[PDB]
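What follows is one structure encoded as structure tokens, with my remarks underneath.
Along the sequence shown, the residues carry numbers beginning at 1.
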Amino acid sequence: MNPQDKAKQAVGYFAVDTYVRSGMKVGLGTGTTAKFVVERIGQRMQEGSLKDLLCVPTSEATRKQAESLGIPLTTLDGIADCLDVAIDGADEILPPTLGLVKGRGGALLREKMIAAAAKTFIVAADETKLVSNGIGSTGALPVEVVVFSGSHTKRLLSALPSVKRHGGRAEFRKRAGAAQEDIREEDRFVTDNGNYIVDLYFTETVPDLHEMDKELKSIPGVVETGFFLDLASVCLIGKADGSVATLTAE
Ligand SMILES: [Cl-]
Ligand SMILES: [Cl-]
């Protein structure tokens with residue numbers, strides 16, 4: 001595998017080895033890094049060191065992967081207390097507050113529901129996910145939006161003061177497939193919750209995340225944002241050489 005994937009693998013395995021134990025209720029992320037987390041839980045099960053485990057997937061792609069490996073699955077409805085731990089990746093990680101940008105794989109809503117329901121929310125990422133001064137340098141800030149009047153909601157997002165200030169441009173997430181100021185409905189990515197996703201790109205770095213998050217949320221039709229603020233408790237960062245750095249809040 002390439003250097004980036006050895007890093008994603010090392011950090012996923014590490015997360016599972018260090019924080020997951022038998023009898024826990026575990027949240028499972030979505031994406032190429034979470035793939036290795038799921039894969040490691042599957043291995044420890046078969047090896048006999050992980051039992052009586054209840055897991056909650058953040059996407060239908062994640063359940064399908066965990067299903068194919070015999071990992072027990074449910075939703076937050078079937079959990080009485082809180083998840084002990086939730087493990088997921090991130091698209092951007094802003095130390096030292098550990099504010100994140102998530103949602104580039106389309107699963108922001110449930111990832112946030114699962115993260116908020118966990119006593120400890122753990123992010124596992126490779127080194128390229130770390131940013132400085134603010135967000136928006138590696139890509140888009142996703143915003144989940146309802147289907148009805150989606151284009152109009154996209155335009156509203158574009159016009160928010162914080163978004164104009166940072167030179168924001170809006171665009172719909174495309175489904176995997178072929179590809180005027182908007183794309184056609186059949187080409188728009190639909191989340192597991194039946195919603196579209198509006199991606200915001202900026203020409204400059206956005207340093208005030210809390211301010212922007214409130215503005216994005218002031219628009220009716222916005223279901224959820226890619227900002228994960230004051231949620232990550234721990235952020236694991238892996239390198240190709242297999243080592244891992246641990247960032248902790250408080
Ligand atoms: Cl995602
Ligand atoms: Cl578009």
Side-chain angles (χ1 to χ4, degrees), residues 1 4-5 7-22 24-46 50-79 82-93 100-126 129 142 144 173-176 189-197 223-228 231-236 238:
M1 34 174 59
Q4 194 177 9
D5 290 337
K8 290 176 202 281
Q9 169 180 273
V11 75
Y13 284 20
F14 183 88
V16 171
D17 292 345
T18 311
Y19 297 94
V20 181
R21 301 289 176 262
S22 293
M24 279 186 162
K25 300 180 284 276
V26 172
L28 303 177
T30 292
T32 55
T33 303
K35 178 182 94 294
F36 297 109
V37 167
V38 168
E39 178 181 298
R40 185 71 185 121
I41 289 167
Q43 289 168 2
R44 284 181 58 189
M45 276 188 85
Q46 303 198 351
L50 213 48
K51 299 184 188 303
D52 297 79
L53 210 67
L54 256 177
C55 299
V56 177
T58 54
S59 69
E60 291 176 11
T62 296
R63 57 143 188 82
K64 184 176 205 298
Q65 181 196 1
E67 224 142 36
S68 78
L69 310 184
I71 295 176
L73 298 170
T74 186
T75 74
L76 294 173
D77 285 1
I79 266 57
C82 288
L83 299 173
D84 301 288
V85 152
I87 306 171
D88 203 349
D91 304 314
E92 291 197 2
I93 294 166
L100 319 168
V101 170
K102 283 176 92 338
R104 289 174 196 166
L108 54 157
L109 180 52
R110 306 192 188 180
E111 286 171 344
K112 193 178 300 186
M113 294 171 72
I114 275 58
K119 300 192 215 296
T120 307
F121 172 47
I122 303 177
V123 175
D126 69 275
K129 304 324 205 328
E144 185 160 348
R173 177 81 48 82
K174 312 189 183 197
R175 55 169 190 75
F189 183 81
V190 180
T191 64
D192 295 336
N193 312 297
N195 297 316
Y196 295 145
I197 282 169
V223 174
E224 193 56 79
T225 66
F227 280 130
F228 278 59
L231 288 171
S233 319
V234 179
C235 286
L236 300 172

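In this structure, the side chain of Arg40 does not engage the main chain of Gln9 through any donor-acceptor pair within 3.5 Å. No side-chain donor-acceptor contact under 3.5 Å links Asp126 to the backbone of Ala7. In this structure, the side chain of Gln65 engages the main chain of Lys35 through a donor-acceptor pair within 3.5 Å. A donor-acceptor pair under 3.5 Å links the side-chain atoms of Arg173 to the main chain of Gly103, judged by distance alone. Judged by distance alone, the side chain of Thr62 and the main-chain N or O of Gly29 form a donor-acceptor pair under 3.5 Å. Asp88 places no side-chain N or O within 3.5 Å of a backbone atom of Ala34 that could act as its donor or acceptor partner. When atom types are taken as modelled, the side chain of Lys25 and the backbone of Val56 share no donor-acceptor pair closer than 3.5 angstrom.
Minimum interatomic distance between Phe36 and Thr32 (heavy atoms only, all atoms of both residues): CD1-O, 3.3 Å. In plain terms, the two heavy atoms of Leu73 and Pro57 that are nearest each other are CD2-CD, 4.1 Å. The two residues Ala118 and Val85 make their nearest non-hydrogen contact at CB-C, 4.2 Å. Taking every heavy atom of both residues into account, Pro142 and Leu108 meet most closely at O-CD1, 4.0 Å.
Using a 4.5 Å heavy-atom threshold, the side chains of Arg44 and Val20 count as touching. Between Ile71 and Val26 the shortest side-chain heavy-atom distance does not fall below 4.5 Å. Using a 4.5 Å cut-off on side-chain heavy atoms (C-beta onward), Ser59 and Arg110 make no contact. Contact check for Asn193 versus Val223: no side-chain heavy atoms found under the 4.5 Å cut-off. Residues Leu28 and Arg63 have side chains not in contact (no heavy-atom distance under 4.5 Å, counting atoms from C-beta outward). Counting heavy atoms from C-beta on, the side chains of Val123 and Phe228 never come closer than 4.5 Å.
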Would you please test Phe227 and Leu100 for side-chain contact (heavy atoms from CB on, under 4.5 Å) and show each step? CA-CA 6 Å; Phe227 280 130; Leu100 319 168; over 6 Å; no
Start with the C-alpha gap between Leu109 and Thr191, add the side-chain angles, then the distance that decides, and say whether side-chain contact (heavy atoms from CB on, under 4.5 Å) holds. CA-CA 9 Å; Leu109 180 52; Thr191 64; over 6 Å; no
Evaluate the criterion side-chain contact (heavy atoms from CB on, under 4.5 Å) for residue pair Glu111 and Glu224; output intermediate values, then yes/no. CA-CA 11 Å; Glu111 286 171 344; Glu224 193 56 79; over 6 Å; no
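A donor-acceptor contact closer than 3.5 angstrom links the side chains of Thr58 and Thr30.
Counting non-hydrogen atoms of neighbouring residues, nucleotides and ligands closer than 6.0 angstrom, the CE atom of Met24 exceeds 12 such neighbours.
The structure places CD1 of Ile79 at 9.0 Å from SG of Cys55, a figure rounded to the nearest 0.5 Å. One finds the CZ atom of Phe189 at 10.5 Å from the CG atom of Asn195 (value rounded to the nearest 0.5 Å). Atom-to-atom distance recorded for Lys112:NZ and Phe121:CZ is 10.0 Å, nearest 0.5 angstrom. Taken to the nearest 0.5 Å, the CG atom of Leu54 stands 6.5 Å off from the OG1 atom of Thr74. Separating the CZ atom in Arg21 from the CG atom in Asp84 is a distance of 12.0 Å, to the nearest 0.5 Å. Between the CD1 atom in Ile87 and the CD1 atom in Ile114 there is a gap of 13.5 Å [rounded to 0.5 Å].
Tested against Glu92, the residues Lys129, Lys102, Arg104 include a single salt bridge (charged side-chain N to carboxylate O under 4.0 Å, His left out) partner, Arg104.
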